[PDB]
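Peer 1: here is my input; please provide its structure:
(3 chains, ligands or ions: 1)
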Amino acid sequence: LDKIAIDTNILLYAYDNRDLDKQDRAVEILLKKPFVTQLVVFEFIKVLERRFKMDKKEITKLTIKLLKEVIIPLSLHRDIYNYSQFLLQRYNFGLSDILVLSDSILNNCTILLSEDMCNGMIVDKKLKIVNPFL
Amino acid sequence: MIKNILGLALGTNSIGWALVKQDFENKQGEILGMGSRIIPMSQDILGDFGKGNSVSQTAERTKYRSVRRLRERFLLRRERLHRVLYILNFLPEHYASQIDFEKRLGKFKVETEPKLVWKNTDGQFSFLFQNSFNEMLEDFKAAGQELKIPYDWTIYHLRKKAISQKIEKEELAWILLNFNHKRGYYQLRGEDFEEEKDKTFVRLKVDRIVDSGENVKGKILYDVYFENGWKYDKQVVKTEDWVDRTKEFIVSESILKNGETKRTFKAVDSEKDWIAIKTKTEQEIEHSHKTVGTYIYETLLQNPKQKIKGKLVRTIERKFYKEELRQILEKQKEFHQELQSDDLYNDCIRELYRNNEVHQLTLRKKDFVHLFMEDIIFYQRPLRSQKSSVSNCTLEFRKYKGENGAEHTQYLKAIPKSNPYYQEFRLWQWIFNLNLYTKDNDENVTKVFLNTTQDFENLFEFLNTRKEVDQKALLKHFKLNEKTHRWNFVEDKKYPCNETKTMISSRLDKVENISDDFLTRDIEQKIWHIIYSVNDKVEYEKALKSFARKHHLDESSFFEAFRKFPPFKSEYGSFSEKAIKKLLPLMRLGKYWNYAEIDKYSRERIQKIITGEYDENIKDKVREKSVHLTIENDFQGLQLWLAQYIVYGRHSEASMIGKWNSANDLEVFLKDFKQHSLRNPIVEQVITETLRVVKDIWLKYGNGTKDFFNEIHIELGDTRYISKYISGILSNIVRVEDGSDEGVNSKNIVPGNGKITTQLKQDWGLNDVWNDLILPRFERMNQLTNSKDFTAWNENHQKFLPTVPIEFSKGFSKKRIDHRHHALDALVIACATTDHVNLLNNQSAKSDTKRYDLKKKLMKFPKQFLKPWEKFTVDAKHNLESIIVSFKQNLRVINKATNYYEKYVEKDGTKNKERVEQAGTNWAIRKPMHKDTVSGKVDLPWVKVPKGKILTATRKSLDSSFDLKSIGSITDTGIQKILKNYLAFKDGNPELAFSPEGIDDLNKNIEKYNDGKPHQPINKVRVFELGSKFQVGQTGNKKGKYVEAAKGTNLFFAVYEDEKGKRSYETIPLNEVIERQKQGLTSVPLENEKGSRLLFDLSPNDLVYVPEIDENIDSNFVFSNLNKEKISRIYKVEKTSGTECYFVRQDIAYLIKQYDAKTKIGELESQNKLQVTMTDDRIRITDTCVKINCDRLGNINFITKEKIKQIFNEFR
DNA sequence: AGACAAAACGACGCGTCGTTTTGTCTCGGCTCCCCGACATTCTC
Ligand SMILES: [Mg+2]
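Peer 2: Residues are numbered from 1 along each chain as shown, chains lettered A, B, ... in the order given. See the structure here:
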């Protein structure tokens, strides 16, 4: 029993080809219907528009399809800002990462998956970060 | 001509502040500001501090802390017992399996509750000591009582058996833990009293009462005789309750000097007085002549239904347990070789004190018995040193530079008064203070018998040999007698005469076998230091024997001389030892005086004085007084004043006067204020809040500039403590530095009295503005009671006056039922000039003309006072009908606390005991989390339980208040049946049925009401209740404890709104507030489960505006045009529960009539607070109220454009 | 006529506004520091 959350990295490695192993492990990780934040989808849209220069229509179609079928969005907790400031005193991370962990934690998530953000490090003794591609 | 006036009225929890800008000469002026600050606490404290009953939350916190600390010390004792016994291989395998000995030293493994004897195998519990159980059954069979007894009764059989037989090691470990449970009463000081110490609880019978011929108060007093031949020391009047009455007394007998017992008496009641119970149980144990364990075992043998814990043995001297445990250990010692193996003993010593090799070296010389008894179980820590709290000398200082590069001053602790230095000082001071008078002419007969130095020499030598003198001895020293002379002191009073040295002389005289010169200054001061420092019996006798060895005296009578020295009283002088030692030479005269013993600085100052030259450290008043000090020899017999100045150069304490220049000085003074520096917390809170309020008004109205307050008027209206302290503190701001204003208080500080304020309020029509303001409340009560007794018409004024019926006039005052009476008082005080207070305090003139000018200047022609300005009264109306009352709040839920603890740290290759700070985070809860009573959850098939609620059952005493409805609320059905039968049998009268006699009768005849079936007796029953109770904790058995929220802990009330518009309410209890604030979040969730956005949170003492039924307040703001209809619709939260919030109009202090369940009437119904408005619309406040925010001065605070700029101007 | 939409029935049944009433940890021993007030003497 555990609540799995994920970050922009898993979706980005899922989409790209040149990293066949990373893309694979990402697509199996998407099979367990892992929960997502609204933030993570927002940076997904941003990186698709900046890095991948995809047109708006296709991007919105893909995000709607994934939110409907593969990934399960989670509500934007209203205490995200105070709690993100709480981890700011004890943790050394980029503020966007602090928000994604804040919203994952406030939604009862136990395990988060990504390359970055200090593999294997438990956050406020209630959430863990696991690099799954290794 | 224009003067700024700050008037302050000080109450128990109220500060009334007013600031006005007056021209008395031109008959003008206007009020700038008014307000009242209220510190909420219940009227219980108000009625309690007048008499005094633990009126401090600090004391309650201290009590909880002490109880906890005792608990952890018991735990630590048991913990060390586990460690030692595990080393000894004494704990059983099944038990010791579930104790951690590696990380948590000796603690039970988490989520386990092992018992030493109850072994669990495949989910079943079995006893471990079967053979001892069978032996105890055989003993009971020999006694012939039963054959079915509890297994856990074996402990007393073993404790008796341990005295003279061999028991297995497991029972010994069990017995040791039991002894750790029950330690016993013990006094740390001890000091075994008179050898007889009779103190014997006896039961005596009064034989006869012979009328003693002592006719007092129209009645002749009788004496009392007893069967043993004893007479009651006191007499008796009431014959009926003394004839042949089996009375039990506590008596003390002392062998008097005549050689007879001086017997005392004291009536005492068993089972109701702790001393009587203790003595009776102690005597029952001794008269049995056996250990208390065997006494308990025998009493359980004879009466197997006996309650031991709390009934049979409650409290007995620690000596009993000590002797029993000693006998047990010694008699088990010769059988168990494990108690002699010194290898194991060293192993235990190393385990228990690995970081203290000194203590190991100490206890390596002892054995197991001393380690178990004196070290682990019966180890009582000594009292903490209060020496660091001793006061400081006002003259001697010391300066030093720390690691921070600053120069800060240490302090010199004051001299103990028992020190012979201070003794000689007080004797010299008195000797200079003494002067004789004659009885005949009451003339100053001095300068004849004590004029030359030799007379004072003989006087001092005489006074050294005694300890305290009287009229007689001081007169007879000079040969004078009672009939002709008096000594200028209280004729029948005794004054200290160096008790220390004289009593030392007596004890050194009784020892004998010594030369009559061994008592000198060095020896006396030494033995004083020994007898002052070591206040502990064994240490004290060691020290005395060592002194008798080092100094060539026999240690056979000297220790007997000094073993029963009564310890010194705890008192200290005003000065320190250095200051007294420096001062002593100058008060000296004759042979005890010499110039050589005066230090360099004072000798230099003496040379400067005699030479007549000019120094900056010497004032003109000095030579004015020291004109007679021409020669250095004149520095003989100098008193305290002159010598003190010459030593330290200051004309005693002349104070610093002081002058604050801005609000920064005040705020620094407030920052540096120390807790517990005054009489009691109430006045301290009042003074601190007054200082905060005056700082705020200074900032708001004068912006912290110099001398913005032209004058401050102060008044109070027990509480007199703050009458002078606040005036002294606030004198700094309104003082004048020109030299005209010199004294303890600034001349601008003008306290008044009740006479002035009441005469003014009558003469100004202020009473009229007040009663006009309050009348609507009385009209509301009239319409509520449907009468006309709450308002009285008058024709002299032609209007309705507030009034109360006589039956509701128990303690009424019209003035105490509002909060802005404080503002009224402040305003009337402010306008009262020094002329007014002088006129009304010194009305006695001795001549009409002299005070007639004040009459013409102040009285209307002496009828009424003339207006400060023509618009005074209506302006006062406008001001007072426009006051917001500001209520201080205490929403402390969590705060940070720092923990220091002793521990051995490795530094520079050495283990040193130093103080470590706790790692990690740890919060302190600042509110009582829940109520003390603990209930347990039950499930009853015959009770229907609503969803979301549970049934909790608690034990209660079966007593007179158990009627049929309540009898139906006991969880036990058979008990319900039996109690129903009994209550029916007593005609349905619980008072007769459930009296203690009735309970006894039911217990004796339980067959008659159980349908003939046997049943155990009943004294307490578990009554169940249906409601919402939450678990105390989650660990161990704390998940089975169900409690209720504590008083005053429903502190936040959330109001949310959904998208359409309805308001939803929630009462958020303290628990989730705690973990929310611990997670850094807001106190209340910002959305509810439905997702409705949170409007806001309400707390007790909050303020809301309740708009009219027609107004639509959605984005109103505009809180600057607060007129009277706006301000009358301001409600303060009072309490909260569920979805209900109760409010009181902010201007209400006390309800005219509270609520009584008989008449069923009240100002605000039963709760004394309404969920709705008091006005005729009666609208739910919670559905339309809007939260507001006020400051200390009660001014509304709202978003503005400057504020919206500054929000992120600060971050820019 | 068919088959969906929902009103109607049931005893049953539990929730709900408004107020009132009820229940709420207790006693023992000391020790030692500080302060306050009120009396006397003494210096200024
Ligand atoms: Mg990131």
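
Peer 1: switch to C-alpha atoms for all contacts and neighbour counts from now on
Peer 2: Fine.

Peer 1: for residue B:553, phi and psi?
Peer 2: Dihedral pair for residue B:553: phi -130, psi 150, per degrees, to the nearest 10.

Peer 1: would you confirm that it contacts residue B:511?
Peer 2: No. Residue B:553 is beyond contact range of residue B:511, at 9.0 Å (criterion: CA atoms under 8 Å).

Peer 1: pull the CA atoms of stretch B:253-264 into CSV?
Peer 2: Extracted in CSV, the C-alpha atoms of stretch B:253-264 (Å, rounded to 0.1, in the frame of the first residue of the first chain):
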residue,chain,number,x,y,z
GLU,B,253,4.9,13.6,76.4
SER,B,254,8.0,15.5,77.3
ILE,B,255,10.2,14.9,80.4
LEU,B,256,10.1,18.4,82.0
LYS,B,257,13.0,19.8,84.1
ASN,B,258,11.2,18.7,87.3
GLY,B,259,11.4,15.1,86.2
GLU,B,260,7.8,14.6,85.1
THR,B,261,6.1,14.1,81.8
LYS,B,262,4.8,17.3,80.3
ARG,B,263,1.9,15.7,78.5
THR,B,264,0.0,17.4,75.7
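
Peer 1: tell me which residues in stretch B:159-179 are buried?
Peer 2: B:159-163, B:166-167, B:169-177, B:179 (16 or more other CA atoms under 10 Å in any protein chain shown).

Peer 1: please apply the same query to stretch B:888-898.
Peer 2: For stretch B:888-898, burial by neighbour count (16+ other CA under 10 Å) applies to B:888, B:893-894.

Peer 1: make JSON lines from the residues you listed and add distance to chain A and secondary structure to it.
Peer 2: Converted to JSON lines, those look like this (distance: CA to the nearest CA, whole Å; DSSP: H, G, I helix; E, B strand; the rest coil):
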{"residue": "B:888", "distance to chain A": "26", "secondary structure": "coil"}
{"residue": "B:893", "distance to chain A": "18", "secondary structure": "coil"}
{"residue": "B:894", "distance to chain A": "16", "secondary structure": "strand"}
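
Peer 1: residue B:1043: which of these is nearest?
Peer 2: For the buried residues of stretch B:888-898, the minimum distance to residue B:1043 (CA to CA) is 18.9 Å, reached by residue B:893.

Peer 1: can you pull the contacts of the closest one?
Peer 2: Contact analysis of residue B:893 by CA atoms under 8 Å, 6 or more residues apart in numbering or on different chains lists B:925-927, B:1070, B:1073-1074.

Peer 1: what about the residue nearest to residue B:487 when sequence neighbours are not counted, how many neighbours?
Peer 2: Once flanking residues are discounted, residue B:487 sits nearest to residue B:436: 4.3 Å by CA to CA, 6 or more residues apart in numbering or on different chains. For residue B:436, the neighbour count with other CA atoms under 10 Å in any protein chain shown is 20.

Peer 1: now residue B:436: how far from residue B:638?
Peer 2: 19 Å (CA to CA, to the nearest Å).

Peer 1: please apply the same query to residue B:980.
Peer 2: Note on residue B:980: its distance to residue B:638, by CA to CA, is 91 Å.

Peer 1: quick one: which of these two has more around it?
Peer 2: Legend: neighbour count by other CA under 10 Å for residue B:980 and residue B:638, higher for residue B:638 (21 against 17).

Peer 1: hey, what's residue B:397 bridged with?
Peer 2: Under the criterion DSSP bridges, residue B:397 forms beta bridges with residue B:411.

Peer 1: you'd agree it is up against residue B:413?
Peer 2: No. The criterion here is CA under 8 Å, and residue B:397 misses it with residue B:413 at 9.7 Å.

Peer 1: which one of these two is surrounded by more residues?
Peer 2: Taking neighbours as other CA under 10 Å, residue B:397 and residue B:413 compare with residue B:413 leading, 23 against 15.

Peer 1: assign that one to helix, strand or coil.
Peer 2: What DSSP: H, G, I helix; E, B strand; the rest coil gives for residue B:413 is strand.

Peer 1: so what's the closest residue to it other than its chain neighbours up against?
Peer 2: Spatial nearest neighbour of residue B:413, chain neighbours left out: residue B:392 (4.5 Å); criterion: CA to CA, 6+ apart. Remark: with contacts taken as CA under 8 Å, 6+ apart, residue B:392 is in contact with B:411-414, B:574-576.

Peer 1: pull the most distant pair out of those residues.
Peer 2: Pairwise distances across the contacts of residue B:392 (CA to CA) peak at 13.3 Å, for the pair B:411 and B:574.

Peer 1: mutual contacts of those two, please.
Peer 2: What both residue B:411 and residue B:574 touch, as defined by CA under 8 Å, 6+ apart, is the set B:392-393.

Peer 1: number of nearby residues for residue 84?
Peer 2: Just going to use chain A. 23.

Peer 1: hmm, no, I was thinking of chain B.
Peer 2: What residue B:84 shows, counting by other CA under 10 Å, is a neighbour count of 24.

Peer 1: and it, backbone torsions?
Peer 2: Backbone torsions of residue B:84, given as degrees, to the nearest 10, read phi -60, psi -50.

Peer 1: so it touches residue B:345, yeah?
Peer 2: No. Using CA under 8 Å, residue B:84 makes no contact with residue B:345, being 9.3 Å away.
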